[PDB]
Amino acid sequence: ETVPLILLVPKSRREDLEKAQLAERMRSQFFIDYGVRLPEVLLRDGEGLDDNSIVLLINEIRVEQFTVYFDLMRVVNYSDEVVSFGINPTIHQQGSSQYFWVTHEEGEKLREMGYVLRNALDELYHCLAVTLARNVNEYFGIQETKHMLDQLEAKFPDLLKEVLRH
């Protein structure tokens, strides 16, 4: 890989993320989990970028925008019982999926009650790995479709007749 991954980050978080060595954390973890070598990961200030937002660019094209609450912890196996403990999560919603976040102090209480918590940087890594994995799956899917159009012996009218039937 010769083209770097770029993460646009909030201007107020950039120096903390550099001090936390986010780039090396990401590169190191991805290699251990997958055996694949990420290109260099560069952080850049995102103009107008609100807090808790990260934009992934590859080859200067926007790939995905993540919502990660830098000062909070993600409740990985969140259940509604959390609320019965007096803890009301920060909820982020992306499509059909909800993500539940709590304070560091709340996180420590939930860890004693069977919950698993991920800090923001670990969740940011997780978001990247999920995005990278989703894109690879779809790429393979495109290839499967090309193979089916190669193997296809039925013509279009006959093919479309069969589809409406079933």
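Heads up: residue numbers just count along the shown sequence, starting at 1.
- Two stretches are in play, 19-27 and 150-158, and the higher mean C-alpha B-factor belongs to 150-158.
- In this entry, 46-54 has the higher mean Cα B-factor, the comparison being between 122-130 and 46-54.
- The maximum CA B-factor among the listed residues 38, 68, 63, 116, taken from the PDB record, is found at 38.
- Among all modelled residues in this chain, the alpha-carbon of residue 163 has a temperature factor (C-alpha) in the highest third.
- Compared with the other modelled residues of the chain, the Cα B-factor recorded for residue 7 ranks in the lowest third.
- Per-chain ranking of the deposited C-alpha B factor places residue 95 in the highest third.
- Ranked by Cα temperature factor within the chain, residue 138 sits in the highest third according to the deposited record.
- In this PDB entry, the Cα temperature factor of residue 112 sits in the top third of its chain's modelled residues, the highest group.
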